Every structure is written in C-alpha cells, then in structure tokens.
Amino acid sequence: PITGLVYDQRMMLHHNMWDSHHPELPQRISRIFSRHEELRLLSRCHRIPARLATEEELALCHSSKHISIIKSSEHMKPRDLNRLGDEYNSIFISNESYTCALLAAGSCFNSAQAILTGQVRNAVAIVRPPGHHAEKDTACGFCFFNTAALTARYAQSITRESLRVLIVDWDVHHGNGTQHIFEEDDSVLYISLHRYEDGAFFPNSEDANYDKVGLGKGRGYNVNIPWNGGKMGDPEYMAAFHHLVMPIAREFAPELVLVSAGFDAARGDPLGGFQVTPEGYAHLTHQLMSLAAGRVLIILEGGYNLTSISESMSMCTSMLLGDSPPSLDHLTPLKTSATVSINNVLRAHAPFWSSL
Ligand SMILES: C[C@H](NC(=O)[C@H](CC(=O)NCC(C)(C)C)NC(=O)c1ccc(C(=O)NO)cc1)C(=O)NCc1ccccc1
Ligand SMILES: [K+]
Ligand SMILES: [K+]
Ligand SMILES: [Zn+2]
C-alpha cells in the first residue's frame with residue numbers, strides 16, 4: 001500500500017501585503033514539508049505532482065462571477081488588491097493568490113485521482129491557501145475556492161455522479177462553505193467538529209449549530225459537532241469520533257474520505273484555544289483509515305503554530321503510511337459541555353442514522 005504526497009513551493013507566493021506577520025504565512029507549508037523530510041516520511045511516499053485547477057473544475061462549486069473576480073486579482077495594482085480584499089470577510093489578496101488557490105485545488109484533484117485510480121491507497125496534500133470557508137459566490141476566512149468541496153465534485157466527475165464522499169472537517173472552525181455547498185446533497189456527507197461558543201467564534205453564524213442537519217434530500221447528511229465553554233482536547237475529540245463520527249460514517253459507507261485537516265485545534269495554536277495533541281490527530285487519522293477501503297485524502301486547511309502543525313500533520317502522514325498509532329495520554333474525563341454537545345448531536349441525528 002502506497003501513500004501519496006503533494007506539495008508545491010509555489011503555493012508560498014500568496015502573501016499578506018498589509019502585515020508580513022499575519023499568521024496565515026507562506027512558511028506554514030514549508031515548515032510542514034521540512035518536518036516530513038526530517039522525520040523521513042517524505043521519502044516513504046509516492047510524490048504526486050501539483051497542477052493548476054481549470055476554471056471548468058472551479059465551476060463545479062463556484063459561480064462564474066466569483067471565479068472571474070478572483071482571477072482578475074492576478075493583474076491588479078496594490079491599491080486595487082487592497083480594495084478587493086476589503087470586499088470579503090477576513091481575506092487578504094496578492095497578485096499570486098489566484099495561482100496558489102488553483103494549485104491547492106489542482107493538487108488535491110491529482111491526489112484524489114491517484115487514490116481513485118489505484119495508484120496510491122491514501123494521500124496527504126500540503127496546500128495553501130485553505131478552502132473550507134469559501135462559498136459558491138464569495139471568498140471568506142483566508143479561503144478563495146473551496147478545495148475540499150471541489151475535490152469531492154471532481155472525484156464524482158471522474159467516477160460517477162453518485163460516488164459517496166465523506167468530508168470530515170476537524171479544523172477548529174466550522175466549514176460554512178462546505179456545509180452550504182452540500183447542504184441539499186445526500187452523496188456528500190459533511191461532518192464538522194468546531195469551536196462554536198453559541199455563535200461567538202469565527203465564522204460567527206448559527207449555521208454551525210448541531211440542529212443544522214441538512215435540507216431536502218440532504219437531511220441527515222450534515223453533522224455539526226459544536227463545542228462550547230472552553231478548551232477541548234483529545235478526550236473530547238476521541239469521544240465524538242467514537243460515538244458520532246465513526247458510527248455515522250460506517251452507516252454511510254463512503255467510497256472516498258476527504259479530511260479538511262486544519263490543525264488550529266492543536267495544542268499551541270494562537271487562534272483556536274484547544275489542545276488536541278499530535279498523537280490525538282494520529283488516532284483520528286487511524287480511525288478514518290478503516291473506511292472506504294482506506295481511500296483517505298488529508299487536505300491542509302488552517303493551523304497557525306508552525307511547530308504544532310508540522311508535528312500534527314506529520315503524525316497523520318505516519319498513520320497513512322501504516323505506522324502503529326502512538327500511545328495517548330491518560331484521557332481525562334470528558335468535559336461537561338462536551339457531554340452536552342455529544343448528547344445534542346445524538347438526539348438531532350438519531351432519526352437519520354439507525355446505528356445511533
Ligand atoms: C473583526 C473580525 N476579524 C476576523 O474575522 C479575523 C481577521 C484577521 O485576519 N485577524 C488577524 C488575526 C488572524 C491574527 C486574529 N479572522 C479570523 O479570526 C480567522 C481566523 C482563522 C481562520 C481560519 O481559516 N482558520 O483556519 C479564519 C479567520 C473581522 O474581520 N470582521 C470583518 C467583517 C466584515 C464583514 C462582515 C463581518 C465581519
Ligand atoms: K471544522
Ligand atoms: K450533505
Ligand atoms: Zn480554522
């Protein structure tokens with residue numbers, strides 16, 4: 001069994017012209033890549049080439065107007081780049097942003113293709129800018145195009161329209177864009193765990209609550225696991241996976257698993273305030289590998305402590321390669337509010353999933 005890896009240094013060119021120290025740094029992906037080399041993980045993987053997504057591929061999820069506007073940023077003057085960035089919630093743009101976003105999506109397309117055609121069993125994509133806040137018609141939260149959602153649609157386009165795709169989003173923030181793109185869809189099961197705080201955490205919408213279960217034929221195929229009341233870690237994520245993510249995922253029986261793998265719930269993250277450990281992320285990865293004949297693609301989203309994300313994603317790759325899961329700490333008892341959250345989600349999703 002072969003693990004694939006895609007990384008292209010050109011995705012470092014997207015940058016914040018107003019604040020060179022903004023945490024969504026080019027060095028996020030180069031530090032992760034260097035750690036894969038130091039831990040001798042990189043040489044164990046099949047190297048998947050990056051490529052640009054095409055505009056027809058972007059149109060699987062995004063409107064013609066959104067694609068055109070972001071594409072035009074490649075040729076804008078600084079004053080226009082500044083004005084364009086201000087037309088979105090939490091976006092900075094440079095002349096290289098569009099190309100980097102194309103590279104991030106196209107890299108994931110090549111990895112999903114490699115997985116689905118049997119060239120590799122599973123794969124990891126070290127990409128930026130991230131994707132899961134991007135909506136059909138707008139950029140948001142450092143995301144221009146929704147890489148994970150696009151990869152699900154691309155995978156369906158090269159197999160069959162009904163290919164069952166699971167997206168697990170363990171970035172600390174809700175993937176509002178991914179939820180909305182698939183809200184009415186029963187072919188793509190979206191499961192997000194995220195810091196919620198009764199709506200007082202980015203992206204600041206009640207769409208992230210546990211009672212948003214999907215719409216129409218998609219009812220039951222949107223699973224929000226919202227955390228409230230302080231710092232969650234390995235015990236809470238392991239419990240949510242044990243009682244919610246994996247039972248629902250097994251009943252759905254995905255043919256492809258995409259992980260929106262932000263590492264901003266990691267211990268040490270300056271923005272997330274949580275303390276999932278690298279061993280925790282290894283155990284989450286190892287559980288997902290029991291799905292979909294092992295067809296798992298791990299896609300970088302957020303995560304802003306350079307050392308934490310480098311250790312955390314390297315631990316995921318080590319699991320994909322088949323290494324034994326590392327020992328976890330003594331798991332402290334579940335925090336009270338996490339028990340509440342799990343009970344709320346179970347109650348909301350019991351109508352739809354007999355295994356609950
Ligand atoms: C005030 C509020 N602030 C933000 O939205 C900050 C903006 C920023 O960059 N701050 C610098 C900092 C990151 C160092 C804190 N963004 C995030 O906190 C953030 C963090 C992580 C991810 C992510 O993707 N993780 O994976 C996405 C977004 C803001 O702008 N309102 C403007 C508005 C306009 C229009 C409507 C509503 C609102
Ligand atoms: K999430
Ligand atoms: K869905
Ligand atoms: Zn995030």
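The first residue in the sequence is number 1, and the count goes up from there. All ligand and atom numbering here is 1-based and tracks the order in the structure.
- Only protein N, O or S atoms were considered, and those under 3.4 Å from the K ion (ligand 3) are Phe182 O, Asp185 O, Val188 O, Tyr221 O.
- Contacts between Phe92 and ligand 1 below 4.0 angstrom, taking non-hydrogen atoms only, are absent altogether.
- Geometric assessment of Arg28 against the ring of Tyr7 yields a negative cation-pi assignment under the 6.0 Å and 45° thresholds.
- Of the charged side-chain nitrogens involved, none lies within less than 4.0 Å of a carboxylate oxygen, so that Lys217 and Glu184 do not count as a salt-bridged pair.
- Residue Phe202 places no N or O, backbone or side chain, under 3.5 Å from any N or O of ligand 1.
- For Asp171, every heavy-atom contact with ligand 1 shorter than 4.0 Å involves the side chain, none the backbone.
- Residue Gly302 approaches ligand 1 through these ligand atoms, each under 4.0 Å from one of its heavy atoms: 26 (O).
- A salt bridge is defined here as a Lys NZ or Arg NE, NH1 or NH2 lying under 4.0 Å from an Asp or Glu carboxylate O, and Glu183 with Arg219 fails to meet this definition.
- Aromatic ring pairs are classed by plane angle as parallel below 30°, tilted from 30° to 60° and perpendicular above 60°; the pair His62 and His66 is tilted.
- You'll find the ring centres of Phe202 and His133 inside the 6.0 Å limit.
- By the criterion of a heavy-atom distance under 4.0 Å, the side chain of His173, and not its backbone, is placed next to ligand 1.
- A salt bridge links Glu55 to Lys71: at least one charged side-chain nitrogen sits closer than 4.0 Å to a carboxylate oxygen.
- Taking only nitrogen or oxygen atoms, main chain and side chain alike, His22 reaches within less than 3.5 Å of ligand 1.
- The closest donor-acceptor contact from the side chain of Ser341 to the backbone of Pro226 lies under 3.5 Å.
- Within the protein, the number of N, O or S atoms lying under 3.4 Å from the K ion (ligand 2) is 6.
- For the 3.5 Å distance criterion, the side chains of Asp234 and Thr277 qualify, holding a donor opposite an acceptor.
- Shortest contact from atom 25 (N) of ligand 1 to any protein heavy atom: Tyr304 OH, 2.6 Å.
- Among protein heavy atoms, the minimum distance from atom 15 (C) of ligand 1 is reached at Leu271 CD2, 4.3 Å.
- Contacts with ligand 1 closer than 4.0 Å are made by side-chain heavy atoms of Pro23 only, the backbone lying farther away.
- Shown in contact with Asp264 at under 4.0 Å from a heavy atom are these atoms of ligand 1, numbered in order with element: 25 (N), 26 (O).
- Under the 30°/60° scheme for interplanar angles, the aromatic rings of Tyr281 and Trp170 are found to be tilted.
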